Amino acid sequence: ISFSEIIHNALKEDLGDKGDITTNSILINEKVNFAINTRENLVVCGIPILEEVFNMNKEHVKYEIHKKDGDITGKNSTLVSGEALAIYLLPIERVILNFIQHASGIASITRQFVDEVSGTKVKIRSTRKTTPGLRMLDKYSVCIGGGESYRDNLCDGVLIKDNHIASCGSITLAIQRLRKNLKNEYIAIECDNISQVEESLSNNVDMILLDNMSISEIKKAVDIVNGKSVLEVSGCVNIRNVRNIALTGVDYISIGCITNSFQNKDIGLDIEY
Amino acid sequence: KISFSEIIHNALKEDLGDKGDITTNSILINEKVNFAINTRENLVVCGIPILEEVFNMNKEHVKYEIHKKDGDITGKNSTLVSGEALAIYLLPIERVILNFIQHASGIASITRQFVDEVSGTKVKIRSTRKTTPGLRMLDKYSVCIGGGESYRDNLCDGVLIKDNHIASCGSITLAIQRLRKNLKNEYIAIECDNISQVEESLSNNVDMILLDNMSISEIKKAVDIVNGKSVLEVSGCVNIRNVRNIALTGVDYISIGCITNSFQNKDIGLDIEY
Amino acid sequence: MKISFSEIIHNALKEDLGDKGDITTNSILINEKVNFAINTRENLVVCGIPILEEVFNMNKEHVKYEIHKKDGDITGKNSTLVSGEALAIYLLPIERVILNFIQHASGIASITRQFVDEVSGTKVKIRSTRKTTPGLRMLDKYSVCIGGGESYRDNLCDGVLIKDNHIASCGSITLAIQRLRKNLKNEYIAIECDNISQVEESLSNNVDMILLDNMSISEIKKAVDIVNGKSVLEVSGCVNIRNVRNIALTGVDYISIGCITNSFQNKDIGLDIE
Amino acid sequence: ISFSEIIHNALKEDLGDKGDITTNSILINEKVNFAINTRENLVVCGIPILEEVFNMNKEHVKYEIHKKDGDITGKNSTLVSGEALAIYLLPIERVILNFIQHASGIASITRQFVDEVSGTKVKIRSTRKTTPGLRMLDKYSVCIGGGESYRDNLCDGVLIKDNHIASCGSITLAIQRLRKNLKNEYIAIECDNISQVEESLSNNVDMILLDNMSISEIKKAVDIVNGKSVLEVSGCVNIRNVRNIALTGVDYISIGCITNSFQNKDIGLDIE
């Protein structure tokens, strides 16, 4: 997965054409030892972004990676250390930290959900309710946290949604039109009641997504589906009920709030003398 | 003025790539639908210009009316925008439009929460640069829609001497003397994390002093020591349950990282009739 | 997705308006309203109108306009492309940006149209190259299409074109094609040749498309004969307008011309104010 | 002058996310000797862009600079040579070549006009009719060709135009407003007739630009101005009349056509 464009855009928004007027008006040739240090427990994510950014400035930053993406670490853990020309380091500090705090926030909440469905068959998935401009970083971070993804975007998978059904008039017609136009594509469909589950099953779809159903309804869907289709539960599922959802027998749980509405992790850049 | 045209293009490109929306394009032909963008909870509306801009790309196939504008405070089940569209042009932009307005309103709404809680004091709530990568300006705009303010947009448009400047050059006094030699007549703000640093900043006649992660006790002391000679700002992720006690101290600004990261997106949906 | 000019628009605005904006306009004008027209000063193929639309649309409260010609329209001297009413303070700072775009885009569309007309009644299509203006690859290729031309590929990612320098780097045409085929199964393969021997060897390897780079009319005629319609044939180079028809009648499929996206004349178009 | 952003945007439009699929599918560790060679006479310009691009890939490209910006050179002249890993060189060939061909184009035509006004006091200037996104490269290239620039953009100098006058109603009013609002700015005004020249003089402007006047009107303006303001000519300036214009006694001639509607120079990358 390439991060080069998002890195550029993050640098550009913070550094513009004039650059860092504070740093540049104070520092010349000072060299500093630094450390990227966690201020809380987290699943590490975003180190490749930090590497790509430091690697643009290879003559001016020397560094050592102590933790790789996916490592679980405690408070006060040094993720990366090294030495730099301060005039090259301080202007990129906030861009690097904002990336790894965001990415580690996603990896960490995801891992909390994955740990809580441990010993069931279920995999946690991301959705498309991701931060604008960071679709791929967000889905990558969910994967580093132990989750999966059905598709990256609207181009690489079929998912017939509530609003497709309301627009064409029926699940049956929607699947009919799609089968004609697409070459034996894997079909996923969103259902918000049991009658839609039954209709989706009549049409031999590959995957059924249960949207905002009660646990009793989810169990009924599991029963009627009877292993003839993949089943996924969607919504913002909180940490206190994801296990009960998992134990129904569904295959996947997709969660919106692991990629929006989550806590960034507190990570800082500490500089010596 | 602020433009969103690039962040919109990048959001569209990441979701629609080169193949377009394969699901919608393989199912819909000429169906027309009535739609409403409806809130599912109380919120401060923000991001409407983004919706307008995306909708304006398909003027022939999307007809709409705005019912609420940015900054409007609205309730649950409120229609922000309604209209009529060729479904084949609307469904592929639904998630992009909603991700934007959910994010923007989340920020504007948390900001307004903090703004209301320091009501009856002089305090203004400010954004920081701990914004979502690629959305610096949307995020700061959204804080402003919510009743907040901003010291600077980025590293180019204002001076702010940090812990790491002080650490790299060795002293507050050297940093300021060098900055003044290079930027005459420039407004100077500096981050302090103890009283000694507040005292040294004052000797140097700075315009603005940020108190970074100081205790309520230290802040009250800083206010007494500063004696109105400089602007005073408190900076950190402050609980909503503690923000007012900080505002009662006498400081001028409170900047809060967590109104632009670590906030709840607002719940807003696209309902199709039907 | 439809082509987006939002990024190149922002960079053109930023380079001309910077952080201080238009100091001349902002220091003279207040609330003055003006009728305006964007008028051609000669014959041209209209190109770049969507850019003009996007810029005007950033200032919708302060600029009211009507489009009278669309991209691809062929129009005469003293033709009004767009007219309207604007607060002067908002129109004058974007004048030069908008004019530079449409004058550039229309210059490309117009020179292309010239080459297209001159090969009329042959099977030949005029193609763009990658010898475009830096930062305007997509605008330049778009403007060639507006002018009746076509494009093999947008850039180095979306088609194979084995070049003189590939052949020189690996040692042979046969080894280059073999390696590519090993790595990209069923990729359409184009290769540039600068003599008949290289055409013969490319044909032996069953390539889909052969480019003739700076060959004489005599060699081009020999190539057409040897190829015998078994590969697509394209002539590439800065053909003169007075010699492109001759090339077209040899029976090649395409002519690629570098000098329709560089070294062309901008069209003269102005902003007239009452 | 920074070229970093323009480099980035040129690389981005040509290499995107997938990179160079032809090069990456044919080559691996092949190393090549290369030369960036002129196919015609020119004023060299854009070498610092080539240097900044190559310096991104320092491990993969070694190079020698034979000609610097402003050097006048002949057909078949090697500007830069060296050795590179082919897989790193070929993907940036077109970006590097388009920059130096554009920049050399501007510097070369600028120099032609400069040579033609030689022995007069006149300086050739650039305008703002530059290629979109290349304002600074275009103005730099004009300077390398022996020209000058009044301002980089609308922020760093004042120029009262025809449309400011049409919008506010008079030269006198426009200048009066500007002097209140701006702190002692150098004032330049565009005039398309002698009445406007006269009015600008009574307002003690610093510079007057004569927009598309006849040689006889320009001479009249030189006479009336009498050294009390800088005089610049803009308009239908071609190589065959620029000296006549220069001999009138004006100070500057600004030329739109040296930054748009000019010939790129033919330069190529030759490999062994």
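For neighbour counting, all protein chains shown are included, and Cβ atoms are generated from backbone atoms with ideal geometry for every residue, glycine included. Rule-based calculations on the coordinates, nothing more; no lab input.
Working from label points 7 Å from Cα in the Cα-to-Cβ sense, the A:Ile65 to D:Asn29 distance is 2.3 nm. In plain terms, the residue of A:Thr172, B:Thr23 with the fewest other Cβ atoms within 10 Å comes first and the most crowded comes last, giving A:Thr172, B:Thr23. Highest mean packing first, where packing is the average number of other Cβ atoms within 10 Å per residue, the peptides B:136-148, C:98-110 line up as C:98-110, B:136-148.
With the Cα gyration tensor of chain D giving a ≥ b ≥ c as the square roots of its eigenvalues, does the rule (a/c under 1.5 for rounded; else a/b larger than b/c for prolate; else oblate) give rounded, prolate or oblate? Taking the square roots of the gyration eigenvalues as a ≥ b ≥ c, chain D is prolate. If you average the C-alpha positions of the range B:1-76 and of the range A:117-166 separately, how far apart do those two centres end up, in angstrom? First find each Cα centre; the distance between them is then 21 Å. Using only the Cα atoms of the range A:8-145, build the gyration tensor, take square roots of its eigenvalues as a ≥ b ≥ c, and label the shape rounded, prolate or oblate: rounded if a/c is under 1.5, else prolate if a/b is larger than b/c, else oblate. The shape class here is prolate. Is the shape of the range D:173-225 best called rounded, prolate or oblate, per the rule: a/c under 1.5 gives rounded, else a/b larger than b/c gives prolate, else oblate, with a ≥ b ≥ c the square roots of the Cα gyration tensor eigenvalues? In terms of gyration-tensor shape, prolate.
From the convex hull of the Cα coordinates of the range B:110-201, what is the mean projected area in square nanometres?
Values: hull surface 30.4 nm².
If I average the Cα hull's projected area over directions, I get 7.6 nm².
How big is Rg to Rh over the protein assembly as shown, alpha-carbon atoms, Rh as the Kirkwood inverse-mean-distance radius?
Working: Rg = 31.8 Å, Rh = 32.6 Å.
With Rg and the Kirkwood Rh in hand, the quotient comes to 0.97.
Counting Cβ atoms of other protein chains within 10 Å of each residue's Cβ and taking the mean over peptide A:180-187 gives 2.
Write down the percent of antiparallel bridges among all DSSP beta bridges whose residues are both part of the protein assembly as shown, to the nearest 5. Before the final figure, lay out each step's value.
Working: 78 of 152 bridges.
Percent antiparallel among DSSP bridges in the protein assembly as shown is about 50.
Ordering A:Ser214, B:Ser235, D:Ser167 by the number of other Cβ atoms within 10 Å of each residue's own Cβ, fewest first, gives A:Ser214, B:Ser235, D:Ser167.
From other protein chains only, count the Cβ atoms within 10 Å of every residue's Cβ in D:89-100, then give the mean. Walk me through the numbers on the way to the answer.
Working: counts 2, 6, 1, 1, 4, 9, 4, 0, 2, 9, 1, 0.
Neighbouring Cβ atoms belonging to other protein chains average 3 per residue here.
Place a label point 7 angstrom from the Cα of D:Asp115 along the Cα-to-Cβ direction, then list the residues of the range D:121-155 whose backbone nitrogen is under 20 Å away. Those under the cut-off are D:121-126, D:141-148.
How about chain B: what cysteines have no other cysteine beta carbon under 4.7 Å from their own? Isolated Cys, chain B: B:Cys46, B:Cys144, B:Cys156, B:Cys169, B:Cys192. For chain C, the list of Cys residues with no other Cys C-beta under 4.7 Å reads C:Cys47, C:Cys145, C:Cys157, C:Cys170, C:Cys193.
Taking the beta-carbon count within 10 Å as an exposure proxy, list B:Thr128, D:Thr120 from fewest neighbours to most. The partial results should precede the final answer.
Values: B:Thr128 21, D:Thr120 17.
Lowest to highest Cβ neighbour count: D:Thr120, B:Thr128.
Qualifying GluC sites (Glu not before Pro) in the range C:1-101, where qualification requires a DSSP coil assignment and no more than 10 other C-beta atoms within 10 Å, comprise C:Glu61.
Between C:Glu219 and D:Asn41, the distance separating the two model label sites (each 7 Å from Cα on the Cα→Cβ line) works out to 2.7 nm.
Taking only the C-alpha atoms of the range D:21-81, Rg followed by Dmax gives 13.7, 39 Å.
Could you list the trypsin sites (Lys or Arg not before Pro) in the range C:1-64 that lie in coil according to DSSP, counting only those with at most 15 other Cβ atoms within 10 Å of their Cβ? Spell out each step's value before the answer.
Working: sites: C:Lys2, C:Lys14, C:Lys20, C:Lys33, C:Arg41, C:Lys60, C:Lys64; in loops: C:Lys2, C:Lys20, C:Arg41, C:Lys60.
Those that pass, being in a loop and sparsely packed, are C:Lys2, C:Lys20, C:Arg41, C:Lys60.
Report the semi-axes of the equivalent ellipsoid for the range C:111-263 in whole Å, largest first, where each axis is √(5λ) for an eigenvalue λ of the Cα gyration tensor.
Details: eigenvalues 123, 76, 32 Å².
Each semi-axis is the square root of five times an eigenvalue, giving 25, 19, 13 Å.
Annotation: for a label point projected 7 angstrom from Cα along Cα→Cβ of A:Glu148, residues of the range A:169-212 with backbone N closer than 16 Å are A:186-189, A:206-210.
Which helices pass in chain A if a helix is a full DSSP H run, must span at least 27 angstrom along its long axis by Cα, and must have mean Kyte-Doolittle hydropathy not below 0.0?
What comes out of the filter, once short or polar helices are dropped, is A:93-116.
How much length is gained on full extension from D:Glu51 to D:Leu173, taking 0.36 nm per residue of separation minus their Cα-Cα distance?
Difference between extended and current length: 39.0 nm.
Shielding by partners for peptide C:29-37, expressed as the average number of C-beta atoms from other protein chains within 10 Å of each residue's C-beta, is 2. For chain C, give the share of DSSP beta bridges that are antiparallel, in percent and rounded to the nearest 5; count only bridges with both residues there. Roughly 50 percent of the DSSP beta bridges within chain C come out antiparallel.
The loop-placed trypsin sites (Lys or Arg not before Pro) in the range C:143-192, going by DSSP, that have at most 11 neighbouring Cβ atoms within 10 Å of their Cβ come out as C:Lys185. Here is how the number arises for chain C: DSSP H runs of 4 or more residues each give -39500 (n - 2.57), the sum is divided by the residue count, and the result at 222 nm is -12000 deg cm²/dmol.
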